[PDB]
Amino acid sequence: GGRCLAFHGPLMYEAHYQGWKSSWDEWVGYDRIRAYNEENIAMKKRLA
Amino acid sequence: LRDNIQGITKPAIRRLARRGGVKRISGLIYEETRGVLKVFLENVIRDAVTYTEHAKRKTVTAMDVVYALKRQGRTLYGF
Amino acid sequence: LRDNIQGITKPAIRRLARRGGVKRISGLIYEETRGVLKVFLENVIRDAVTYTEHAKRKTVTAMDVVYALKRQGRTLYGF
Amino acid sequence: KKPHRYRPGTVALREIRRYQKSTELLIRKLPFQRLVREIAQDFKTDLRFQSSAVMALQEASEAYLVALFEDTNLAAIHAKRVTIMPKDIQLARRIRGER
Amino acid sequence: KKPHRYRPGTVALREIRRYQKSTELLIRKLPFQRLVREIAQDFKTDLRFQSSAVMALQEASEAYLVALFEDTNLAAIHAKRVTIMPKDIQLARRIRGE
DNA sequence: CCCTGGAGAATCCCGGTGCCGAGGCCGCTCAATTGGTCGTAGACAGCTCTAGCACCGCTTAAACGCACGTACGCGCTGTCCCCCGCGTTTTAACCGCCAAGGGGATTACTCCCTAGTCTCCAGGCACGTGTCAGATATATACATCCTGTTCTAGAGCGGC
DNA sequence: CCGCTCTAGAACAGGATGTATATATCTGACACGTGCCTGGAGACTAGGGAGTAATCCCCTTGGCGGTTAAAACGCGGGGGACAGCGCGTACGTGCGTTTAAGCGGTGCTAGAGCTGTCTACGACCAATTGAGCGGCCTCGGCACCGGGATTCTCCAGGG
């Protein structure tokens, strides 16, 4: 469930990273937070 | 049966272009390909309709379509 | 009989393209058009040769030329 | 990190090699089949089509479109292009005599 | 004193109009006659052709080449050109299947 | 640089000749027309039964849509060399005329082999089935393409 | 004028994802075997259409001069194909999401073979006969020859 849950810097992890291939998924259980999707992926990665 | 000309989907037309060696496919080619396919089908099927009507049959066989394509110089092997 | 492929002169090829509505004619078109005409003549006359050989005749008639053109989907009227 | 991001044309060539060696039909059976029925409805209301009857029409239409696309593609390189255009098909049918 | 000096293209279009509404044979008779005999002598020697037999060959060859030139010209405007090329003819024969 | 008036030349409308191909006429003869007569393909009636039509689960690969950017269609420039318009001089094209002799066309005699049956039998077809090459499946493995990092060459700058 | 540092093109190596293969096993038509059985083959009868011979007249090839239309050569030049550059958009790539294609299943009947049946229909045979075509007479429509002209087009002058 949800749309953003990851232990590292999230990239819209669903339950899987959207916009990425299926051969990258990790299903480990750690301390997961949202932080408004790491404050909008670190303000668009410091604006490109 | 309406709007069945859209049954030839965009990837289906794209796959036909890839079989023909086409590298880049324009966005306006799908309407033109559908129109060409509709015109080609409106000749062969109508030819098969006259073949079916003349044969005292109400179902179109592949055998009648074989002569319908053959009479236009497009003979098909394997039926 | 040698060098008879040059009988189709450059203005003659120029005049043929004028009938087809060609604006400008390149200098390499005449050599290509002569080769295309030679290939086309090598098929029609050879087919007419077999038609003349089948009739036990030594002179090719106009009717055999018509049948040679008709079998390739290029039927000619007036002969 | 970034994905592979294949350049435009690379996957197109892979699709070209795949579909030129595989004989599977590109057009789906049912959407093409219903197109036969609605076209034949204009000529006969009470008409039926065999499974092999629709099969024969599909391969002939696919081969004709592939042959048309081959002539359409060759006109593109002839016109200093790599993208097929609707005017290229109109040129292809007219040269072939199919308007 | 200034010469007329027609620009290229206008007289060519004039030749197009004067030769599309006319029906005279553009290719001369004996040059086409001698070409037929040379080609036929490679297939069979001591072969003769009737006068009307070459007449059928001459009109059919001109109409086939005119129709080929029409597709050749149509390829030029399709390729954003007004001058026909030898590669234009090669494309025309390939599409027709010849 | 664009708009407009005047004149050079290929093209279009028109009067007179005529001539040679098109229109009209005479036989008449051979192919179209009339009647009869059967073998026989075909329209019609009943059975059926095998394949297509219609609807239903489902699941899953196929397809619509949106975000992004880089190969590419397209707009614009020059040039120069490739092609057209025209003057000149050959050149073979066409018609004018004449035979030639292989050769197309026609007629006839005759002779082989193909039309048409009888019988049969041995190769071909429908049915049944063991089976052996292809497809699905998946970890393994290619395999080339895209991209990142480093190597080396080139141009710019500063000092002696 | 030479050495030093900056910058960038390009060869090279590593990661990535869609296919090339090495089995495991299913599997499903493939070809072999069988039993017929239905069409081709040996043999025969008869006749008819072409092979061959002859004729004939006809028509294409070779072979000349004449001439004037046109191919060919060359000069001037002029407008266009293409190399090149710049813009941008619109189509390649990629997954989210949806949605219908297809596999399998069930039921029904639409109707194509299949088998009789009976029936008009067309090839073939006498008998015939009337306008199509080869040929001849006539005649007029447009090719030819000029004559003239509107009439569309390019070059030069002006704003």
# chains A, B, ... in the order shown; residues from 1 in each chain; ligands from 1

$ residues_around --residues "residue A:19" --least-positions-apart "5" --cutoff "9 Å" --atoms "only C-alpha atoms (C1' of nucleotides)" --output "number ranges by chain"
G: 94-96

$ write_last_selection --atoms "N, CA and C atoms (P, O5', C5', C4', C3', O3' and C1' of nucleotides)" --output "PDB file, in the first residue's frame"
ATOM      1  P    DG G  94      13.399   1.786 -23.885  1.00  0.00           P
ATOM      2  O5'  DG G  94      12.509   2.256 -22.644  1.00  0.00           O
ATOM      3  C5'  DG G  94      12.957   3.325 -21.819  1.00  0.00           C
ATOM      4  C4'  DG G  94      11.921   3.667 -20.765  1.00  0.00           C
ATOM      5  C3'  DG G  94      11.163   2.466 -20.196  1.00  0.00           C
ATOM      6  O3'  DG G  94      11.081   2.573 -18.786  1.00  0.00           O
ATOM      7  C1'  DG G  94       9.636   4.075 -20.999  1.00  0.00           C
ATOM      8  P    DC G  95      11.711   1.423 -17.860  1.00  0.00           P
ATOM      9  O5'  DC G  95      10.637   1.239 -16.692  1.00  0.00           O
ATOM     10  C5'  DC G  95       9.341   0.745 -16.997  1.00  0.00           C
ATOM     11  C4'  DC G  95       8.269   1.716 -16.537  1.00  0.00           C
ATOM     12  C3'  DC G  95       7.061   1.059 -15.870  1.00  0.00           C
ATOM     13  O3'  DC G  95       6.605   1.851 -14.781  1.00  0.00           O
ATOM     14  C1'  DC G  95       6.346   2.297 -17.742  1.00  0.00           C
ATOM     15  P    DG G  96       5.681   1.193 -13.641  1.00  0.00           P
ATOM     16  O5'  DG G  96       4.294   1.980 -13.761  1.00  0.00           O
ATOM     17  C5'  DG G  96       4.169   3.303 -13.238  1.00  0.00           C
ATOM     18  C4'  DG G  96       2.733   3.811 -13.340  1.00  0.00           C
ATOM     19  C3'  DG G  96       1.663   2.887 -12.772  1.00  0.00           C
ATOM     20  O3'  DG G  96       0.618   3.657 -12.189  1.00  0.00           O
ATOM     21  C1'  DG G  96       1.319   3.164 -15.110  1.00  0.00           C
TER      22       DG G  96
END

$ interface_residues --of "chain B" --to "chain G" --cutoff "9 Å" --atoms "only C-alpha atoms (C1' of nucleotides)" --output "ChimeraX atom specification"
/B:24-27,57-59

$ write_last_selection --atoms "C-alpha atoms" --output "mmCIF file, in the first residue's frame"
data_model
loop_
_atom_site.group_PDB
_atom_site.id
_atom_site.type_symbol
_atom_site.label_atom_id
_atom_site.label_comp_id
_atom_site.auth_asym_id
_atom_site.auth_seq_id
_atom_site.Cartn_x
_atom_site.Cartn_y
_atom_site.Cartn_z
ATOM 1 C CA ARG B 24 10.673 5.895 -37.903
ATOM 2 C CA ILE B 25 6.864 5.922 -37.918
ATOM 3 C CA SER B 26 4.967 9.201 -38.213
ATOM 4 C CA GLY B 27 1.895 10.012 -36.146
ATOM 5 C CA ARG B 57 -23.654 -20.035 -50.311
ATOM 6 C CA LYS B 58 -24.306 -17.609 -47.465
ATOM 7 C CA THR B 59 -20.960 -18.102 -45.677
#

$ residues_around --residues "residue D:35" --least-positions-apart "2" --cutoff "12 Å" --atoms "only C-alpha atoms (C1' of nucleotides)" --output "count of residues only"
32

$ atom_distance --atom1 "atom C1' of residue G:75" --atom2 "atom CA of residue E:2"
16.0 Å

$ atom_distance --atom1 "atom CA of residue D:15" --atom2 "atom CA of residue A:22"
21.2 Å

$ interface_residues --of "chain F" --to "chain A" --cutoff "12 Å" --atoms "only C-alpha atoms (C1' of nucleotides)" --output "PDB file with C-alpha atoms (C1' of nucleotides), in the first residue's frame"
ATOM      1  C1'  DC F  66       1.658  11.056 -20.214  1.00  0.00           C
ATOM      2  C1'  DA F  67       6.724  12.918 -19.176  1.00  0.00           C
ATOM      3  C1'  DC F  68      11.097  13.842 -21.437  1.00  0.00           C
TER       4       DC F  68
END

$ interface_residues --of "chain G" --to "chain D" --cutoff "7 Å" --atoms "only C-alpha atoms (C1' of nucleotides)" --output "list in words"
residues 16, 92, 93 and 101 of chain G

$ write_last_selection --atoms "C-alpha atoms (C1' of nucleotides)" --output "short mmCIF file (atom, residue, chain, number, x, y, z; two decimals), in the first residue's frame"
data_model
loop_
_atom_site.label_atom_id
_atom_site.label_comp_id
_atom_site.auth_asym_id
_atom_site.auth_seq_id
_atom_site.Cartn_x
_atom_site.Cartn_y
_atom_site.Cartn_z
"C1'" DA G 16 22.34 -3.26 -19.01
"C1'" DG G 92 11.37 7.49 -30.06
"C1'" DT G 93 11.62 5.42 -25.24
"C1'" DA G 101 -7.45 -10.75 -27.11
#

$ residues_around --residues "residue E:19" --least-positions-apart "3" --cutoff "12 Å" --atoms "only C-alpha atoms (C1' of nucleotides)" --output "JSON list (two decimals) with N, CA, C and O atoms, in the first residue's frame"
[["chain", "number", "residue", "atom", "x", "y", "z"],
["C", 14, "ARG", "N", 14.49, 13.11, -74.25],
["C", 14, "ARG", "CA", 13.97, 14.39, -73.77],
["C", 14, "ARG", "C", 12.50, 14.57, -74.16],
["C", 14, "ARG", "O", 11.69, 15.02, -73.34],
["C", 15, "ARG", "N", 12.16, 14.22, -75.40],
["C", 15, "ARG", "CA", 10.78, 14.36, -75.85],
["C", 15, "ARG", "C", 9.85, 13.41, -75.12],
["C", 15, "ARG", "O", 8.70, 13.76, -74.83],
["C", 16, "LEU", "N", 10.33, 12.20, -74.82],
["C", 16, "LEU", "CA", 9.52, 11.22, -74.09],
["C", 16, "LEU", "C", 9.19, 11.72, -72.69],
["C", 16, "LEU", "O", 8.06, 11.54, -72.21],
["C", 17, "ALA", "N", 10.16, 12.35, -72.02],
["C", 17, "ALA", "CA", 9.90, 12.90, -70.70],
["C", 17, "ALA", "C", 8.99, 14.12, -70.75],
["C", 17, "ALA", "O", 8.27, 14.39, -69.79],
["C", 18, "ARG", "N", 9.03, 14.88, -71.86],
["C", 18, "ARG", "CA", 8.13, 16.01, -72.01],
["C", 18, "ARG", "C", 6.68, 15.56, -72.10],
["C", 18, "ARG", "O", 5.77, 16.24, -71.61],
["C", 19, "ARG", "N", 6.44, 14.40, -72.72],
["C", 19, "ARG", "CA", 5.09, 13.84, -72.75],
["C", 19, "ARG", "C", 4.63, 13.42, -71.36],
["C", 19, "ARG", "O", 3.43, 13.49, -71.06],
["C", 20, "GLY", "N", 5.56, 13.00, -70.51],
["C", 20, "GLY", "CA", 5.26, 12.65, -69.14],
["C", 20, "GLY", "C", 5.20, 13.80, -68.16],
["C", 20, "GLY", "O", 4.99, 13.58, -66.97],
["C", 21, "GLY", "N", 5.37, 15.03, -68.64],
["C", 21, "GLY", "CA", 5.31, 16.19, -67.76],
["C", 21, "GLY", "C", 6.52, 16.38, -66.89],
["C", 21, "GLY", "O", 6.39, 16.87, -65.76],
["C", 22, "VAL", "N", 7.71, 16.02, -67.37],
["C", 22, "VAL", "CA", 8.94, 16.17, -66.61],
["C", 22, "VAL", "C", 9.48, 17.58, -66.81],
["C", 22, "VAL", "O", 9.65, 18.03, -67.95],
["E", 11, "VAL", "N", 10.20, 27.03, -71.68],
["E", 11, "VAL", "CA", 10.09, 26.31, -72.95],
["E", 11, "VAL", "C", 9.92, 24.82, -72.71],
["E", 11, "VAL", "O", 9.28, 24.12, -73.51],
["E", 12, "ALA", "N", 10.49, 24.30, -71.62],
["E", 12, "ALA", "CA", 10.27, 22.90, -71.26],
["E", 12, "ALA", "C", 8.81, 22.64, -70.94],
["E", 12, "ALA", "O", 8.25, 21.61, -71.35],
["E", 13, "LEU", "N", 8.16, 23.55, -70.21],
["E", 13, "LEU", "CA", 6.73, 23.44, -69.98],
["E", 13, "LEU", "C", 5.94, 23.63, -71.27],
["E", 13, "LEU", "O", 4.89, 23.01, -71.47],
["E", 14, "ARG", "N", 6.43, 24.51, -72.15],
["E", 14, "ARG", "CA", 5.82, 24.66, -73.47],
["E", 14, "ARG", "C", 5.94, 23.38, -74.28],
["E", 14, "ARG", "O", 5.00, 22.98, -74.98],
["E", 15, "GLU", "N", 7.10, 22.71, -74.20],
["E", 15, "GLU", "CA", 7.25, 21.42, -74.86],
["E", 15, "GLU", "C", 6.36, 20.36, -74.22],
["E", 15, "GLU", "O", 5.91, 19.43, -74.90],
["E", 16, "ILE", "N", 6.12, 20.48, -72.91],
["E", 16, "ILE", "CA", 5.21, 19.55, -72.24],
["E", 16, "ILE", "C", 3.79, 19.71, -72.78],
["E", 16, "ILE", "O", 3.11, 18.72, -73.09],
["E", 22, "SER", "N", -0.61, 16.31, -78.37],
["E", 22, "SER", "CA", -0.31, 15.71, -79.66],
["E", 22, "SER", "C", -0.19, 14.20, -79.53],
["E", 22, "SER", "O", -0.05, 13.65, -78.44],
["E", 23, "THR", "N", -0.24, 13.52, -80.68],
["E", 23, "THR", "CA", -0.20, 12.06, -80.71],
["E", 23, "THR", "C", 0.83, 11.51, -81.68],
["E", 23, "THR", "O", 0.82, 10.31, -81.96],
["E", 24, "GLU", "N", 1.72, 12.35, -82.21],
["E", 24, "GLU", "CA", 2.77, 11.86, -83.10],
["E", 24, "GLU", "C", 3.82, 11.09, -82.31],
["E", 24, "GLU", "O", 4.02, 11.30, -81.11],
["E", 25, "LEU", "N", 4.50, 10.18, -83.00],
["E", 25, "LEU", "CA", 5.48, 9.30, -82.36],
["E", 25, "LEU", "C", 6.79, 10.05, -82.17],
["E", 25, "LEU", "O", 7.37, 10.56, -83.14],
["E", 26, "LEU", "N", 7.26, 10.13, -80.92],
["E", 26, "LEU", "CA", 8.45, 10.91, -80.62],
["E", 26, "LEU", "C", 9.72, 10.21, -81.08],
["E", 26, "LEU", "O", 10.61, 10.84, -81.65],
["E", 66, "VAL", "N", 6.79, 6.69, -70.94],
["E", 66, "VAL", "CA", 6.10, 7.91, -70.51],
["E", 66, "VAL", "C", 5.46, 7.70, -69.15],
["E", 66, "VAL", "O", 5.56, 8.56, -68.26]]

$ calpha_fit_and_write --fixed "chain C" --moving "chain B" --output "tab-separated table (two decimals) with N, CA and C atoms, in the first residue's frame"
chain	number	residue	atom	x	y	z
B	1	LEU	N	25.03	-5.65	-86.51
B	1	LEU	CA	24.35	-4.54	-85.87
B	1	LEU	C	24.89	-4.30	-84.47
B	2	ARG	N	25.66	-3.22	-84.31
B	2	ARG	CA	26.26	-2.86	-83.04
B	2	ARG	C	26.04	-1.38	-82.76
B	3	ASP	N	26.08	-1.04	-81.47
B	3	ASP	CA	25.89	0.33	-80.98
B	3	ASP	C	24.55	0.91	-81.42
B	4	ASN	N	23.52	0.05	-81.46
B	4	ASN	CA	22.18	0.49	-81.80
B	4	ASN	C	21.39	0.98	-80.59
B	5	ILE	N	21.93	0.82	-79.38
B	5	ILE	CA	21.29	1.39	-78.20
B	5	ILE	C	21.37	2.91	-78.20
B	6	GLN	N	22.31	3.48	-78.95
B	6	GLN	CA	22.42	4.92	-79.10
B	6	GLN	C	21.43	5.49	-80.11
B	7	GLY	N	20.66	4.63	-80.78
B	7	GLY	CA	19.63	5.12	-81.69
B	7	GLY	C	18.53	5.89	-80.99
B	8	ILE	N	18.31	5.61	-79.70
B	8	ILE	CA	17.39	6.40	-78.90
B	8	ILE	C	18.13	7.67	-78.49
B	9	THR	N	18.00	8.72	-79.30
B	9	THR	CA	18.83	9.90	-79.16
B	9	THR	C	18.43	10.72	-77.94
B	10	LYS	N	19.28	11.69	-77.61
B	10	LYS	CA	19.03	12.56	-76.46
B	10	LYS	C	17.75	13.37	-76.58
B	11	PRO	N	17.44	14.05	-77.69
B	11	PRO	CA	16.13	14.72	-77.77
B	11	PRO	C	14.96	13.76	-77.77
B	12	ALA	N	15.14	12.54	-78.28
B	12	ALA	CA	14.06	11.55	-78.26
B	12	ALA	C	13.71	11.15	-76.83
B	13	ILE	N	14.72	10.98	-75.97
B	13	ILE	CA	14.46	10.73	-74.56
B	13	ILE	C	13.88	11.97	-73.90
B	14	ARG	N	14.36	13.15	-74.31
B	14	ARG	CA	13.82	14.40	-73.78
B	14	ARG	C	12.35	14.57	-74.15
B	15	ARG	N	11.98	14.21	-75.38
B	15	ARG	CA	10.59	14.29	-75.80
B	15	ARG	C	9.71	13.33	-74.99
B	16	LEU	N	10.24	12.15	-74.67
B	16	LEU	CA	9.49	11.20	-73.85
B	16	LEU	C	9.26	11.75	-72.45
B	17	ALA	N	10.25	12.44	-71.90
B	17	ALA	CA	10.09	13.07	-70.59
B	17	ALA	C	9.06	14.20	-70.64
B	18	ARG	N	9.06	14.98	-71.73
B	18	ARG	CA	8.10	16.07	-71.86
B	18	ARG	C	6.67	15.56	-71.96
B	19	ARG	N	6.46	14.41	-72.60
B	19	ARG	CA	5.12	13.82	-72.64
B	19	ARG	C	4.68	13.36	-71.26
B	20	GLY	N	5.62	12.95	-70.42
B	20	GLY	CA	5.33	12.54	-69.06
B	20	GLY	C	5.26	13.66	-68.05
B	21	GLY	N	5.36	14.92	-68.50
B	21	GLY	CA	5.28	16.05	-67.60
B	21	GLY	C	6.57	16.40	-66.89
B	22	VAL	N	7.70	15.84	-67.31
B	22	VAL	CA	8.98	16.14	-66.67
B	22	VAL	C	9.43	17.53	-67.09
B	23	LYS	N	9.77	18.36	-66.10
B	23	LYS	CA	10.21	19.73	-66.37
B	23	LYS	C	11.70	19.81	-66.64
B	24	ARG	N	12.52	19.17	-65.81
B	24	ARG	CA	13.97	19.20	-65.95
B	24	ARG	C	14.51	17.79	-66.13
B	25	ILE	N	15.41	17.63	-67.09
B	25	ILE	CA	15.93	16.33	-67.50
B	25	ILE	C	17.43	16.30	-67.20
B	26	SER	N	17.85	15.35	-66.37
B	26	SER	CA	19.25	15.25	-66.00
B	26	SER	C	20.08	14.64	-67.14
B	27	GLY	N	21.38	14.91	-67.09
B	27	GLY	CA	22.29	14.38	-68.10
B	27	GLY	C	22.61	12.91	-67.94
B	28	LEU	N	22.39	12.35	-66.75
B	28	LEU	CA	22.62	10.94	-66.51
B	28	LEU	C	21.36	10.09	-66.69
B	29	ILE	N	20.24	10.71	-67.06
B	29	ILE	CA	19.00	9.95	-67.23
B	29	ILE	C	18.95	9.22	-68.56
B	30	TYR	N	19.78	9.62	-69.53
B	30	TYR	CA	19.70	9.02	-70.86
B	30	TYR	C	20.27	7.60	-70.86
B	31	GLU	N	21.36	7.38	-70.12
B	31	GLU	CA	21.91	6.03	-70.00
B	31	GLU	C	20.97	5.12	-69.21
B	32	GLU	N	20.32	5.66	-68.18
B	32	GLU	CA	19.39	4.86	-67.39
B	32	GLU	C	18.13	4.54	-68.18
B	33	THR	N	17.61	5.51	-68.94
B	33	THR	CA	16.42	5.27	-69.76
B	33	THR	C	16.72	4.24	-70.85
B	34	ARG	N	17.90	4.33	-71.47
B	34	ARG	CA	18.30	3.34	-72.46
B	34	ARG	C	18.42	1.95	-71.84
B	35	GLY	N	18.95	1.88	-70.62
B	35	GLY	CA	19.03	0.59	-69.94
B	35	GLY	C	17.66	0.03	-69.59
B	36	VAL	N	16.75	0.89	-69.13
B	36	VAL	CA	15.38	0.45	-68.84
B	36	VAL	C	14.68	0.01	-70.11
B	37	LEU	N	14.85	0.78	-71.19
B	37	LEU	CA	14.24	0.42	-72.47
B	37	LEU	C	14.82	-0.88	-73.02
B	38	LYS	N	16.13	-1.08	-72.84
B	38	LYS	CA	16.76	-2.32	-73.30
B	38	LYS	C	16.23	-3.52	-72.52
B	39	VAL	N	16.06	-3.38	-71.20
B	39	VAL	CA	15.53	-4.47	-70.39
B	39	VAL	C	14.08	-4.76	-70.76
B	40	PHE	N	13.27	-3.71	-70.95
B	40	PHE	CA	11.87	-3.90	-71.33
B	40	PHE	C	11.76	-4.53	-72.71
B	41	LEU	N	12.61	-4.11	-73.65
B	41	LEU	CA	12.59	-4.71	-74.98
B	41	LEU	C	13.10	-6.14	-74.96
B	42	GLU	N	14.08	-6.44	-74.11
B	42	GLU	CA	14.62	-7.79	-74.04
B	42	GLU	C	13.64	-8.79	-73.46
B	43	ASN	N	12.53	-8.33	-72.88
B	43	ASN	CA	11.51	-9.24	-72.36
B	43	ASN	C	10.38	-9.43	-73.37
B	44	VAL	N	9.89	-8.33	-73.95
B	44	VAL	CA	8.75	-8.41	-74.86
B	44	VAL	C	9.15	-9.07	-76.17
B	45	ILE	N	10.29	-8.67	-76.73
B	45	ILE	CA	10.74	-9.23	-78.01
B	45	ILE	C	11.09	-10.71	-77.86
B	46	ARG	N	11.75	-11.07	-76.75
B	46	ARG	CA	12.03	-12.48	-76.48
B	46	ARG	C	10.74	-13.27	-76.30
B	47	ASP	N	9.74	-12.68	-75.65
B	47	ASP	CA	8.43	-13.31	-75.55
B	47	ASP	C	7.79	-13.47	-76.92
B	48	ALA	N	7.93	-12.45	-77.78
B	48	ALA	CA	7.43	-12.55	-79.14
B	48	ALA	C	8.23	-13.54	-79.97
B	49	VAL	N	9.52	-13.73	-79.65
B	49	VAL	CA	10.33	-14.72	-80.35
B	49	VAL	C	9.81	-16.12	-80.08
B	50	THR	N	9.48	-16.42	-78.82
B	50	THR	CA	8.90	-17.72	-78.50
B	50	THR	C	7.51	-17.88	-79.12
B	51	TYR	N	6.75	-16.78	-79.19
B	51	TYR	CA	5.47	-16.82	-79.88
B	51	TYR	C	5.66	-17.08	-81.37
B	52	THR	N	6.67	-16.46	-81.98
B	52	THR	CA	6.94	-16.66	-83.40
B	52	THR	C	7.49	-18.06	-83.66
B	53	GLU	N	8.36	-18.55	-82.78
B	53	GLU	CA	8.91	-19.89	-82.95
B	53	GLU	C	7.84	-20.96	-82.81
B	54	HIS	N	6.89	-20.77	-81.89
B	54	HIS	CA	5.84	-21.76	-81.68
B	54	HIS	C	4.83	-21.76	-82.81
B	55	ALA	N	4.69	-20.64	-83.52
B	55	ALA	CA	3.70	-20.51	-84.58
B	55	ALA	C	4.19	-21.04	-85.92
B	56	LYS	N	5.35	-21.71	-85.94
B	56	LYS	CA	5.98	-22.23	-87.16
B	56	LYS	C	6.20	-21.13	-88.18
B	57	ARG	N	6.63	-19.96	-87.70
B	57	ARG	CA	6.88	-18.80	-88.54
B	57	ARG	C	8.27	-18.27	-88.24
B	58	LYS	N	8.90	-17.68	-89.26
B	58	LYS	CA	10.22	-17.09	-89.12
B	58	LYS	C	10.20	-15.57	-89.20
B	59	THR	N	9.02	-14.95	-89.27
B	59	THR	CA	8.87	-13.51	-89.22
B	59	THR	C	7.93	-13.15	-88.07
B	60	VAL	N	8.32	-12.14	-87.29
B	60	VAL	CA	7.53	-11.74	-86.13
B	60	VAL	C	6.40	-10.83	-86.59
B	61	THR	N	5.17	-11.19	-86.23
B	61	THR	CA	4.01	-10.38	-86.54
B	61	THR	C	3.66	-9.49	-85.35
B	62	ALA	N	2.91	-8.42	-85.64
B	62	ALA	CA	2.39	-7.57	-84.57
B	62	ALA	C	1.39	-8.32	-83.70
B	63	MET	N	0.73	-9.33	-84.27
B	63	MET	CA	-0.25	-10.10	-83.52
B	63	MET	C	0.42	-10.89	-82.39
B	64	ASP	N	1.62	-11.42	-82.66
B	64	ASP	CA	2.36	-12.14	-81.62
B	64	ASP	C	2.86	-11.19	-80.53
B	65	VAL	N	3.24	-9.97	-80.91
B	65	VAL	CA	3.68	-8.98	-79.93
B	65	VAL	C	2.51	-8.56	-79.04
B	66	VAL	N	1.29	-8.61	-79.58
B	66	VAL	CA	0.10	-8.24	-78.81
B	66	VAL	C	-0.07	-9.18	-77.62
B	67	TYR	N	0.05	-10.49	-77.85
B	67	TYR	CA	-0.03	-11.44	-76.74
B	67	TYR	C	1.20	-11.39	-75.85
B	68	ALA	N	2.37	-11.06	-76.42
B	68	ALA	CA	3.58	-10.93	-75.61
B	68	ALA	C	3.44	-9.81	-74.58
B	69	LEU	N	2.84	-8.69	-74.98
B	69	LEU	CA	2.57	-7.61	-74.04
B	69	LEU	C	1.39	-7.94	-73.13
B	70	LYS	N	0.40	-8.67	-73.64
B	70	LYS	CA	-0.80	-8.95	-72.86
B	70	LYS	C	-0.50	-9.90	-71.70
B	71	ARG	N	0.36	-10.90	-71.92
B	71	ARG	CA	0.68	-11.87	-70.88
B	71	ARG	C	1.44	-11.27	-69.71
B	72	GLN	N	2.01	-10.07	-69.87
B	72	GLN	CA	2.66	-9.35	-68.78
B	72	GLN	C	1.78	-8.23	-68.23
B	73	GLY	N	0.49	-8.24	-68.56
B	73	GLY	CA	-0.42	-7.20	-68.12
B	73	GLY	C	-0.16	-5.85	-68.74
B	74	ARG	N	0.19	-5.82	-70.02
B	74	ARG	CA	0.45	-4.57	-70.75
B	74	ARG	C	-0.22	-4.63	-72.12
B	75	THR	N	-1.49	-5.03	-72.14
B	75	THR	CA	-2.22	-5.23	-73.39
B	75	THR	C	-2.32	-3.94	-74.19
B	76	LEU	N	-2.10	-4.06	-75.50
B	76	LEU	CA	-2.04	-2.91	-76.40
B	76	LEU	C	-3.25	-2.92	-77.32
B	77	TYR	N	-3.93	-1.78	-77.41
B	77	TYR	CA	-5.06	-1.62	-78.32
B	77	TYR	C	-4.59	-0.95	-79.61
B	78	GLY	N	-5.20	-1.35	-80.73
B	78	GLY	CA	-4.84	-0.84	-82.03
B	78	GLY	C	-3.76	-1.63	-82.74
B	79	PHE	N	-3.20	-2.64	-82.09
B	79	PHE	CA	-2.20	-3.54	-82.67
B	79	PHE	C	-0.96	-2.79	-83.17

$ residues_around --residues "stretch 28-36 of chain A" --least-positions-apart "3" --cutoff "7 Å" --atoms "only C-alpha atoms (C1' of nucleotides)" --output "ChimeraX atom specification"
/A:4-7,39-40

$ interface_residues --of "chain E" --to "chain D" --cutoff "6 Å" --atoms "only C-alpha atoms" --output "ChimeraX atom specification"
/E:71,79,95-96

$ write_last_selection --atoms "N, CA and C atoms" --output "mmCIF file, in the first residue's frame"
data_model
loop_
_atom_site.group_PDB
_atom_site.id
_atom_site.type_symbol
_atom_site.label_atom_id
_atom_site.label_comp_id
_atom_site.auth_asym_id
_atom_site.auth_seq_id
_atom_site.Cartn_x
_atom_site.Cartn_y
_atom_site.Cartn_z
ATOM 1 N N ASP E 71 5.858 8.533 -63.194
ATOM 2 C CA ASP E 71 6.213 8.127 -61.837
ATOM 3 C C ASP E 71 7.584 8.665 -61.445
ATOM 4 N N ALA E 79 10.267 14.207 -53.567
ATOM 5 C CA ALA E 79 11.573 14.425 -52.961
ATOM 6 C C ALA E 79 11.983 15.894 -52.973
ATOM 7 N N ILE E 95 9.320 -0.047 -56.972
ATOM 8 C CA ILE E 95 7.960 0.014 -56.443
ATOM 9 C C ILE E 95 6.996 -0.737 -57.356
ATOM 10 N N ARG E 96 7.149 -0.577 -58.672
ATOM 11 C CA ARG E 96 6.335 -1.322 -59.626
ATOM 12 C C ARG E 96 6.662 -2.810 -59.655
#
